[PDB]
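Novice:
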Amino acid sequence: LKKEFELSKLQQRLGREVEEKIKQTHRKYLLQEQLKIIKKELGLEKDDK
Amino acid sequence: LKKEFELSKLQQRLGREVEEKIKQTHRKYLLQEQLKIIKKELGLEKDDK
Amino acid sequence: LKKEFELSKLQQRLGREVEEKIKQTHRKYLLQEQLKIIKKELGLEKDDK
Amino acid sequence: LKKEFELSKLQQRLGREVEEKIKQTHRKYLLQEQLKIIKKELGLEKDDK
Amino acid sequence: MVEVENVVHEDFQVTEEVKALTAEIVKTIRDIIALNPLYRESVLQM
Amino acid sequence: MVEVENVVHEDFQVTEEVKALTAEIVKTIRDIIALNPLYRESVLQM
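First to last, the sequence lines map onto chains A, B, C, D, E and F. Take the first sequence: its letters are residues 366 to 414, numbered as in the entry's author numbering. Take the second sequence: its letters are residues 366 to 414, numbered as in the entry's author numbering. Take the third sequence: its letters are residues 366 to 414, numbered as in the entry's author numbering. Take the fourth sequence: its letters are residues 366 to 414, numbered as in the entry's author numbering. Take the fifth sequence: its letters are residues 272 to 317, numbered as in the entry's author numbering. Take the sixth sequence: its letters are residues 272 to 317, numbered as in the entry's author numbering.
Put into structure tokens, the structure is as follows:
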């Protein structure tokens, strides 16, 4: 049972790590996106066609 | 009820007046608060375009 | 309660001693178990990119 | 009522079907991703820049 | 069949320091369920 | 083929500390189905 248990707990740590890395990715993307919107917001043509 | 309404009315009105005199503080102060917020959470030297 | 807790305690301590002597088994054995998981989990691959 | 009911039930089945296709996509990705991590652990397959 | 409710429940008049052993009984029960867990601890909380 | 019901089942006469290991077996089984849930828990409650 423990032989199975060691792998399971390892997998649990690995799963939280991969998922938290995805969260650290996207949460920081929300922060950078907020940064952009504040850098853009001022009245401007908002470069485009 | 009249006395309570006059007390609550004078308190709400005096406080509304103090609040109006506080709204006179310029919106730039708010923009400065958000500015300090931008600096409180950014990091990350420039390695982009 | 003293005698029963001492019985459970002596069993838990003797078993903890057994557990330490099994922990004397080297971590190479654990990593070998993981290597067996690499070699005994599956044979074929499905829906490979 | 039945004429509407048939189309509605059809739409419900159709929606769950597309959703299940997304699940069949990602669940196999979870299995294959686990496969990759185990294949990368067997020696040194990927390394950083 | 003869029976009698001999539910003795004698108690010393001073009932202040007599409940101190019970406190040790519940602390020992918490240690019994913590090092050798057998039953749930919710019944002790009820 | 020759056979005999040699269902060996030696057990200590003293059955006090022999069911104590069982407690660890069920705690490991509860942690395996709690931390890595595979099957239903109704069979365990029965």
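Don't be surprised by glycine CBs; every beta carbon is placed ideally from N, CA and C.
Helix, strand or coil for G408(B), going by three-state DSSP, please let me know.
Specialist: Within the second sequence, residue 408(B) is the residue found at index 43, counting from 1. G408(B) falls in the coil class under three-state DSSP.
Novice: Quick one: which residues of the stretch 286 to 306 of chain E get their C-beta closer than 9 Å to a C-beta of chain C? List them in chain order.
Specialist: Cβ contacts with chain C come from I296, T299, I300, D302, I303 and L306.
Novice: Examine chain C for any beta-carbon lying closer than 8 Å to the beta-carbon of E369(A), and answer yes or no.
Specialist: For the purposes of this step, residue 369(A) is taken as residue 4 along the first sequence, with counting starting at 1. Chain C contact via Cβ: absent.
Novice: At a CB distance below 8 Å, what residues from the stretch 380 to 405 of chain C approach chain A? Give them in sequence order.
Specialist: The residues in question are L395, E398, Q399 and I402.
Novice: Quick check on DSSP: helix, strand or coil for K393(C)?
Specialist: Here residue 393(C) corresponds to residue number 28 of the third sequence, with the count starting at 1. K393(C) falls in the helix class under three-state DSSP.
Novice: What's the gap between the Cα of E312(E) and the Cα of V297(E)?
Specialist: Indexing the fifth sequence from 1 puts residue 312(E) at position 41. Indexing the fifth sequence from 1 puts residue 297(E) at position 26. Using only the alpha carbons, I get a separation of about 11 Å.
Novice: Where does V278(E) sit, in a helix, a strand or coil, going by DSSP?
Specialist: Working through the fifth sequence from its first residue, we reach residue 278(E) at position 7. Three-state result, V278(E): coil.
Novice: Alpha helix (DSSP H) containing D413(B): first to last residue?
Specialist: Looking up residue 413(B) in the second sequence gives position 48. Where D413(B) is concerned, there is no enclosing alpha helix (DSSP H), given that its DSSP letter is neither H nor E.
Novice: If you follow the alpha helix (DSSP H) that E382(B) is part of, which residue opens it and which one closes it?
Specialist: The residue you call residue 382(B) lines up with position 17 of the second sequence. Run containing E382(B): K367 to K388, per the alpha helix (DSSP H) assignment.
Novice: Check the Cβ-Cβ distances between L409(A) and every residue of chain C, and say whether any is below 8 Å.
Specialist: What you label residue 409(A) is simply residue 44 of the first sequence in a count that begins at 1. It does not; no Cβ of chain C falls within 8 Å.
Novice: Give a yes or no on whether the C-beta atoms belonging to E384(C) and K368(A) are separated by under 8 Å.
Specialist: By 1-based counting over the third sequence, the position of residue 384(C) is 19. By 1-based counting over the first sequence, the position of residue 368(A) is 3. Result no, Cβ atoms of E384(C) and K368(A) do not sit closer than 8 Å.
Novice: Shorter than 8 Å from the beta carbon of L366(A) to some beta carbon of chain C?
Specialist: As a working mapping, residue 366(A) is identified with position 1 in the first sequence. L366(A) does not count as touching chain C.
Novice: Using 8 Å as the Cβ pair cut-off and three pairs as the minimum, do the stretch 369 to 383 of chain C and the stretch 288 to 305 of chain F touch?
Specialist: At 8 Å Cβ cutoff, the stretches touch.
Novice: Quick check: the Cα distance between residue 495(D) and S373(A), rounded to an integer number of angstroms?
Specialist: Because chain D here runs from 366 to 414, residue 495(D) falls outside it and cannot be looked at.
Novice: Does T286(F) come out as helix, strand or coil in the three-state DSSP assignment?
Specialist: Numbered from 1 along the sixth sequence, position 15 holds the residue referred to as residue 286(F). Reduced to three states, the DSSP call for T286(F) is coil.
Novice: Going by the CB atoms, is the gap between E406(A) and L395(C) shorter than 8 Å?
Specialist: As a position in the third sequence, residue 395(C) is number 30, starting the count at 1. As a position in the first sequence, residue 406(A) is number 41, starting the count at 1. In this structure, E406(A) does not lie closer than 8 Å to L395(C) by Cβ.
Novice: If you reduce the DSSP assignment to three classes, tell me which class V297(F) lands in.
Specialist: Residue mapping note: residue 297(F) aligns to position 26 of the sixth sequence, counting from 1. Here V297(F) sits in helix by DSSP.
Novice: DSSP on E312(F), reduced to helix/strand/coil?
Specialist: Numbered from its first residue, the sixth sequence carries residue 312(F) at position 41. Here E312(F) sits in coil by DSSP.
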